[PDB]
Amino acid sequence: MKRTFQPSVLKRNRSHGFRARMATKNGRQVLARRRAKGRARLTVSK
Amino acid sequence: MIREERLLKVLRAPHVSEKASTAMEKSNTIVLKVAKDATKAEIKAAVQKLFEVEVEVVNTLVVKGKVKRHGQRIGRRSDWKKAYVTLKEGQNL
Amino acid sequence: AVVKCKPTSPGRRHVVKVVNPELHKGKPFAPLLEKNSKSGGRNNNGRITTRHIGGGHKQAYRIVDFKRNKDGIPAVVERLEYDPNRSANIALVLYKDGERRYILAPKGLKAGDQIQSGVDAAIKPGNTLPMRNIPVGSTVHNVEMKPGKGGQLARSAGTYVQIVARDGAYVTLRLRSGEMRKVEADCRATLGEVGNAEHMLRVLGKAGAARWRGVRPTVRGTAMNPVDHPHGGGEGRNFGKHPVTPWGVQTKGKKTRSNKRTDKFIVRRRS
RNA sequence: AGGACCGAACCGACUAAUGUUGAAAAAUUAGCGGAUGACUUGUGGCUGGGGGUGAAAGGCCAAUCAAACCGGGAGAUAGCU
RNA sequence: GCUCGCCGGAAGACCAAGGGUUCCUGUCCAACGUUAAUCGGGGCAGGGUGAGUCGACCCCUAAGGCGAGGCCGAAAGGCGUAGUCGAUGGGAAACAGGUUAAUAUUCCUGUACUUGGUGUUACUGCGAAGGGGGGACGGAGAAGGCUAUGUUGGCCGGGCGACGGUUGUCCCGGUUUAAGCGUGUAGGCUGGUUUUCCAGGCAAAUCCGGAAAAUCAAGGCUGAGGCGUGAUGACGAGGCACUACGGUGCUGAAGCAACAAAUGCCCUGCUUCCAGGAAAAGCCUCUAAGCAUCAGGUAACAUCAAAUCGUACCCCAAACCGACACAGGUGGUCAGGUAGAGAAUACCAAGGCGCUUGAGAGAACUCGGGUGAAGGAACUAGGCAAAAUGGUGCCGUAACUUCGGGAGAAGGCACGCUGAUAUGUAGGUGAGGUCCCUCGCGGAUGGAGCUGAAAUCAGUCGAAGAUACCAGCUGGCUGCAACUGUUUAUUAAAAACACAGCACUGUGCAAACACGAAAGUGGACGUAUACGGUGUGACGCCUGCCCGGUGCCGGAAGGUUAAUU
Ligand SMILES: [K+]
Ligand SMILES: [Mg+2]
Ligand SMILES: [Mg+2]
Ligand SMILES: [Mg+2]
Ligand SMILES: [Mg+2]
Ligand SMILES: [Mg+2]
Ligand SMILES: [Mg+2]
Ligand SMILES: [Mg+2]
Ligand SMILES: [Mg+2]
Ligand SMILES: [Mg+2]
Ligand SMILES: [Mg+2]
Ligand SMILES: [Mg+2]
Ligand SMILES: [Mg+2]
Ligand SMILES: [Mg+2]
Ligand SMILES: [Mg+2]
Ligand SMILES: [Mg+2]
Ligand SMILES: [Mg+2]
Ligand SMILES: [Mg+2]
Ligand SMILES: [Mg+2]
Ligand SMILES: [Mg+2]
Ligand SMILES: [Mg+2]
Ligand SMILES: [Mg+2]
Ligand SMILES: [Mg+2]
Ligand SMILES: [Mg+2]
Ligand SMILES: [Mg+2]
Ligand SMILES: [Mg+2]
Ligand SMILES: [Mg+2]
Ligand SMILES: [Mg+2]
Ligand SMILES: [Mg+2]
Ligand SMILES: [Mg+2]
Ligand SMILES: [Mg+2]
Ligand SMILES: [Mg+2]
Ligand SMILES: [Mg+2]
Ligand SMILES: [Mg+2]
Ligand SMILES: [Mg+2]
Ligand SMILES: [Mg+2]
Ligand SMILES: [Mg+2]
Ligand SMILES: [Mg+2]
Ligand SMILES: [Mg+2]
Ligand SMILES: [Mg+2]
Ligand SMILES: [Mg+2]
Ligand SMILES: [Mg+2]
Ligand SMILES: [Mg+2]
Ligand SMILES: [Mg+2]
Ligand SMILES: [Mg+2]
Ligand SMILES: [Mg+2]
Ligand SMILES: [Mg+2]
Ligand SMILES: [Mg+2]
Ligand SMILES: [Mg+2]
Ligand SMILES: [Mg+2]
Ligand SMILES: [Mg+2]
Ligand SMILES: [Mg+2]
Ligand SMILES: [Mg+2]
Ligand SMILES: [Mg+2]
């Protein structure tokens with residue numbers, strides 16, 4: 001059957017990518033939380 | 001006119017393999033490992049300067065580095081650029 | 001002409017078509033076309049603000065001269081055309097200096113007819129004049145509400161307005177709704193009725209015909225649940241409520257006009 | 001000509017058996033409906049939680065829906081076990 | 001290796017998405033692989049992806065996004081103008097052969113093509129952020145002309161058969177060739193030219209639009225395919241020589257015609273309908289401020305450049321989405337033979353596979369199937385399930401009906417093979433030939449050869465000829481819903497929803513109404529034959545009485561009545 005995850009890299013990057021995060025202040029707060037946690041991977045970009 | 005300092009840096013190693021031996025023995029092509037950001041014009045000028053042979057044409061490709069393991073640790077070898085440089089039939093490097 | 005389709009299928013049994021074979025069978029006149037993409041009844045918040053809109057056929061917009069401003073220059077009707085944007089047909093006219101325009105096609109107009117606008121135009125269908133140069137008693141259409149703004153009144157197929165009175169700088173119009181309304185006598189109108197009066201005789205015949213027109217189905221309030229609509233809920237069929245809109249406002253009789261700015265122009269409500 | 005007819009692809013999902021620590025957190029097999037249309041499908045986009053969307057089943061909104069998910073108020077409160 | 005079996009509109013082949021070394025070679029078998037494993041998509045090491053023409057990048061825009069100023073909003077922010085992004089769409093150019101263990105339209109061979117930068121020569125008004133043209137667009141249907149492709153014959157090479165026959169109307173194989181260039185064909189569209197003139201194209205214009213003239217009638221555009229060339233080439237049935245027995249090296253004959261033929265092409269055509277069918281650039285052209293024997297245009301030639309990134313491999317799957325090497329899901333392209341209406345189906349080709357536990361035994365019982373005496377729904381909630389019907393042509397077909405239907409109603413008859421008619425018919429296709437020329441890819445007559453159903457009359461085999469696969473059960477009475485549709489993803493598909501149609505009611509446009517502190521936006525670039533809400537639900541005949549209650553509409557005298565004062 002069709003499951004919920006159907007990958008598209010374009011849609012992934014547009015929805016959750018680094019620049020999408022930087023586009024809004026709440027996105028930048030996501031990035032700030034993740035840096036304060038010390039994530040090795042800030043976004044789905046890499 | 002590319003600079004000689006730029007030219008001295010873009011040819012890293014000669015590539016040694018059966019495909020490279022056969023390119024040399026069948027097509028008068030030498031296979032080289034070049035700098036990652038080396039362009040075809042740069043590679044051509046660098047070979048025409050430092051190896052002193054006439055170059056007909058340069059073909060290029062990017063080899064992606066393999067994923068390897070090492071003591072239960074994943075890692076990745078670097079990408080690196082390969083150049084097939086064709087000589088003019090009688091140059092004989 | 002009005003024509004009933006033969007019942008060679010249930011969806012065709014009730015179809016009544018209005019066919020005008022006078023209408024140009026070719027493509028429109030391209031310099032006077034714009035794209036108009038669909039909304040689905042959604043506004044710039046992306047929310048549905050008018051229900052029951054979506055789908056239907058692609059349509060190009062025909063730029064139509066509602067201002068009728070080229071005074072003193074006669075134009076000849078080249079052809080009548082179908083306009084998907086409106087019930088009225090439109091007429092491509094060619095002015096003597098070479099300009100082509102689209103106008104609302106009035107009843108009785110055909111290719112070869114001459115039309116004119118201005119204070120000097122002759123009083124005949126398709127001619128446009130300020131309503132102070134139009135005799136009291138005239139049937140007009142495409143009537144302005146403000147001078148120079150362009151026609152806003154009586155544009156739909158078969159409609160018209162009657163100039164019933166003129167008092168100095170204002171005329172009293174009888175509009176198709178039954179309303180008596182004041183309009184500045186400097187407003188322009190086109191003589192005659194809007195053509196294509198048989199428009200209202202068509203019978204769609206099936207659901208898909210309304211779908212082609214970009215109308216989406218209406219779900220009755222009483223068919224929903226209480227969370228969805230004031231009419232919702234109840235075992236079987238039950239109403240026990242004064243009928244209201246989806247947002248709780250009485251929908252059988254309760255008046256909703258509220259404009260103290262324009263009250264002074266209404267001589268008599270439509271009743 | 002047709003929301004026309006029969007019938008594959010394609011879309012669906014009426015009946016039975018199987019399966020129910022499954023081959024599968026909804027399928028398989030034999031039959032079944034639509035199949036030029038209110039059809040179907042790819043890519044991208046928009047609508048955001050008392051909000052959306054709904055040919056309306058309280059349906060659906062990432063295997064979650066009479067108020068999603070994550071984090072926080074938070075060690076809510078628990079005359080109950 | 002030899003047999004066997006399975007798929008073959010796929011279980012073959014190529015892509016996109018997605019994945020990312022899984023690709024190839026050597027080695028290893030701990031763990032992983034539902035068993036063993038010498039094997040692997042496993043471990044380890046090494047190798048492998050070559051582009052002016054393919055794709056990205058790039059020019060261009062759609063929805064939509066962001067948005068200098070701006071408008072709005074306690075703050076955060078919202079909306080939006082100029083702009084700027086954004087493909088799923090528009091925009092230049094390459095083909096065939098060969099080759100690697102693993103890449104190839106990228107390497108090699110052979111033959112092409114496009115865009116720009118210069119550098120000369122020659123005629124030379126160039127110039128846009130502006131004007132026009134073009135790009136540029138729907139559905140359905142019909143028919144012709146073709147090709148891909150196939151079949152036969154001819155040709156060429158080979159064979160003379162493990163068992164009766166097989167030198168023949170016998171058997172097997174092959175019979176392939178591109179882009180480009182020339183030719184402008186079937187066919188589609190349009191009258192062509194040259195002048196004077198003008199309230200239109202934000203200015204202007206020699207362009208476009210419009211008008212008025214004379215003149216000439218075949219000019220212009222598009223266009224499959226075919227032919228010629230590309231091609232003395234390549235490839236090529238086979239044969240010969242090595243083998244490091246995995247394959248390479250060398251050599252190479254025929255390379256034609258007729259018929260059949262697409263869902264592909266001509267065709268973005270034609271015909272027709274209503275629901276009336278993107279944008280912008282590339283491109284052509286027109287001129288403005290401006291440059292004006294300068295720049296700049298055109299054409300020729302010469303010479304430069306065409307970067308960067310992707311390219312391995314899987315891709316209906318053991319490599320993607322499903323925790324699995326999981327009977328699930330996943331968009332596009334290719335389309336052979338016999339039979340068949342067919343992309344159904346059966347058997348096959350090219351190709352690819354036997355599904356990663358086996359071996360025995362032949363109990364109950366479970367699952368999936370085959371057959372069944374007599375009876376034939378007695379079963380059961382219920383004919384659930386099963387059994388049954390099933391094709392084509394023709395004969396024939398009831399109530400009722402909205403005149404379309406009901407209808408494939410029902411019911412029935414024929415059906416294989418062989419021969420004759422007719423050494424192969426009706427029909428299609430159509431060579432040589434002769435004639436004519438607005439002289440060619442011409443047209444008329446000509447009909448050789450090829451292909452070719454149906455029928456009728458005889459005969460003939462079987463129990464059975466729509467023989468397999470495939471493939472309607474039928475009728476009668478009645479409730480409900482007019483109908484096609486929609487629905488509870490995952491126990492409900494229905495009488496529920498929708499529906500065309502009907503009615504009430506609101507709404508005069510800065511509409512009502514809806515999203516929104518607002519600005520705004522939808523409604524709608526619509527304007528009462530319109531739009532919103534509500535109920536009813538095709539059609540036919542109809543739709544009675546009640547305004548006391550509640551609501552809504554109207555009313556303005558009197559009572560009651562807020563802030564205020
Ligand atoms: K109800
Ligand atoms: Mg490359
Ligand atoms: Mg509505
Ligand atoms: Mg309705
Ligand atoms: Mg309900
Ligand atoms: Mg309520
Ligand atoms: Mg009830
Ligand atoms: Mg009651
Ligand atoms: Mg149908
Ligand atoms: Mg599919
Ligand atoms: Mg099934
Ligand atoms: Mg049906
Ligand atoms: Mg069908
Ligand atoms: Mg769910
Ligand atoms: Mg709650
Ligand atoms: Mg607390
Ligand atoms: Mg607690
Ligand atoms: Mg690996
Ligand atoms: Mg392998
Ligand atoms: Mg072992
Ligand atoms: Mg093992
Ligand atoms: Mg491996
Ligand atoms: Mg090259
Ligand atoms: Mg935009
Ligand atoms: Mg904005
Ligand atoms: Mg700003
Ligand atoms: Mg852009
Ligand atoms: Mg694209
Ligand atoms: Mg390969
Ligand atoms: Mg052919
Ligand atoms: Mg088709
Ligand atoms: Mg490949
Ligand atoms: Mg397996
Ligand atoms: Mg699988
Ligand atoms: Mg099949
Ligand atoms: Mg047994
Ligand atoms: Mg059994
Ligand atoms: Mg049996
Ligand atoms: Mg029996
Ligand atoms: Mg019996
Ligand atoms: Mg019986
Ligand atoms: Mg009984
Ligand atoms: Mg009993
Ligand atoms: Mg049954
Ligand atoms: Mg059966
Ligand atoms: Mg009953
Ligand atoms: Mg129904
Ligand atoms: Mg149905
Ligand atoms: Mg269900
Ligand atoms: Mg469903
Ligand atoms: Mg069900
Ligand atoms: Mg508005
Ligand atoms: Mg009813
Ligand atoms: Mg009802």
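A note on names: the letters A, B, ... follow the listed sequences, proteins ahead of strands, and every chain is numbered from 1.
Close to E:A510, at under 4.0 Å from its OP1 or OP2, lies a side-chain N or O of C:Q152. Note on B:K40: a side-chain N or O is less than 4.0 Å away from OP1 or OP2 of E:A51. Applying the 4.0 Å criterion to OP1 and OP2 of E:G276, one finds that C:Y82 has a side-chain N or O inside that range. Distances shown here put every side-chain N or O of B:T60 at or beyond 4.0 Å from the OP1 or OP2 atom of E:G50. For E:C309, one of the phosphate oxygens OP1 or OP2 lies less than 4.0 angstrom from a side-chain nitrogen or oxygen of B:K81. In terms of phosphate contacts, C:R270 brings a side-chain nitrogen or oxygen within less than 4.0 Å of OP1 or OP2 of E:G506.
With rounding to whole Å, C:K38 atom NZ is found 10 Å from E:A275 atom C1'. Straight-line distance from the CZ atom of C:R213 to the P atom of E:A530: 11 Å, rounded to whole Å. To the nearest angstrom, P of E:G526 lies 12 Å from CZ of C:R62. For the pair C:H231 NE2 and E:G551 P, the interatomic distance rounds to 16 Å; values are reported in whole Å.
Across all strands shown, E:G239 pairs with E:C250; the Watson-Crick or G-U wobble distances both stay below 3.5 Å. Within the shown strands, E:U333 is the pairing partner of E:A13 under the Watson-Crick or G-U definition, both distances less than 3.5 Å. In this structure, E:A112 and E:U53 make a Watson-Crick or G-U wobble pair, each of the two defining distances being under 3.5 angstrom.
Taking atom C1' in both E:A257 and E:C450, the straight-line distance is 10 Å, to the nearest Å. Taking atom P on both nucleotides, E:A327 is separated from E:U356 by 9 Å, rounded to a whole Å. Rounded to a whole angstrom, the distance from the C1' atom of E:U484 to that of E:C469 is 35 Å.
Side chain of C:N44, nearest nucleotide from E:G532, E:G520, E:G133: E:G520. Candidate nucleotides E:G535, E:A530, E:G138 were compared by shortest atom distance to the side chain of C:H199, and E:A530 ranks first. When distances run from any side-chain atom of C:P10 to the nucleotides E:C515, E:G50, E:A482, the shortest one goes to E:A482.
With centroids closer than 5.5 Å and planes inclined by less than 30 degrees as the test, C:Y61 and the base of E:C525 pass as a stacked pair.
Aromatic ring centres of C:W247 and C:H229 lie farther apart than the 6.0 Å criterion allows. Ring centroids of C:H231 and C:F239 are separated by less than 6.0 Å, placing the two rings close together.
Minimum heavy-atom separation, C:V136 to C:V164: CG1-O, 3.2 Å. Minimum interatomic distance between C:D71 and C:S117 (heavy atoms only, all atoms of both residues): OD1-OG, 2.9 Å. The two residues C:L32 and C:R100 have their closest heavy-atom pair at CD1-O, 3.9 Å.
Annotation for A:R41: atom CZ does not count as buried by contact number, only 12 or fewer foreign heavy atoms lying within 6.0 Å.
Across all strands shown, C:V15 has no heavy atoms under 4.0 Å from either base or sugar-phosphate atoms.
North is the pucker class for the sugar of E:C309, given a positive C1'-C2'-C3'-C4' value. Judged by the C1'-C2'-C3'-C4' torsion, the sugar of E:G558 sits on the north side, since the angle is positive. At E:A104 the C1'-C2'-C3'-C4' dihedral is positive, so the sugar adopts a north, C3'-endo-type conformation. E:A305: sugar pucker north (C1'-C2'-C3'-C4' torsion positive). A positive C1'-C2'-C3'-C4' torsion places the sugar of E:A253 in the north, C3'-endo-side range.
For D:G7, the base adopts the anti conformation, since its glycosidic angle falls more than 90 degrees from zero.
Base-pair contacts of C:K27, counted as side-chain heavy atoms under 5.0 Å from groove atoms, all face the major groove.
Salt bridge absent: C:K110 and C:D113 never bring a charged side-chain N and a carboxylate O closer than 4.0 Å.
For C:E179 against E:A528, a side-chain-to-base donor-acceptor contact under 3.5 Å is absent.
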